[PDB]
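Enquirer: Using the entry's author numbering, the first residue of the sequence shown is number 1, and each one after it goes up by one.
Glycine residues also receive a C-beta, built at the ideal position from the N, C-alpha and C atoms.
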Amino acid sequence: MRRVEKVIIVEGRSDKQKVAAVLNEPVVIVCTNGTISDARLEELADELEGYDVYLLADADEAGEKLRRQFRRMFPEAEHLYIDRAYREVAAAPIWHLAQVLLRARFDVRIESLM
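1) To which residues of the same chain is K18 closer than 8 Å at the C-beta, ignoring the five residues directly before and after it?
2) On the DSSP bridge assignment, give the partners of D83 in chain order.
3) Excluding the 5 residues preceding and the 5 following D107 in the sequence, name in chain order all residues of the same chain whose CB lies nearer than 8 Å to its CB.
4) Since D60 and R87 are thought to touch, with beta carbons under 8 Å apart, how far apart are those beta carbons, to the nearest angstrom?
5) Please report the distance separating the alpha-carbon of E111 from that of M1.
6) Within 10 angstroms of its Cβ, does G34 collect 16 or more other Cβ (buried), or is it exposed?
7) Alpha carbon to alpha carbon, what distance is there between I36 and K65?
8) Taking the alpha helix (DSSP H) that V30 belongs to, which residues open and close that run?
9) Would you report the Cα separation of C31 and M73, rounded to the nearest angstrom?
10) Is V7 near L56, with beta carbons less than 7 Å apart?
11) State the Cα-Cα distance for the pair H79 and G50, rounded to the nearest angstrom.
12) From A92 to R103, what distance separates their C-alpha atoms?
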């Protein structure tokens, strides 16, 4: 078993469970549980030095706020986007989330495309 390097950060509990369900490799999924303080974000950035980190936020206002915080506090994190036509990670079809992750080079379950 090789070391786990990938990390996806999401805002919401259901986002986390939904992401975890599509993945076919071990990935640390961090949920901010809504807003996260600058200090907790800095700590996370420190802890995650050398990791391959992604932020997947809703295409809405709250999501954009979190992205803005990340651009300031945690520039290392790569931003992933659902089609803003689905708006929320929670709303997006399983296959769409799977394709977003696959485009970013995550292993996803084939079943998540059916």
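Expert: Looking at the atomic coordinates:
1) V89, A90, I94, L97
2) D83 pairs with nothing; no bridge assigned.
3) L23, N24, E25
4) 6 Å
5) 23 Å
6) exposed
7) 11 Å
8) It is not in any alpha helix (DSSP H) - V30 instead sits in the beta strand (DSSP E) that spans 28-31.
9) 16 Å
10) no
11) 17 Å
12) 16 Å
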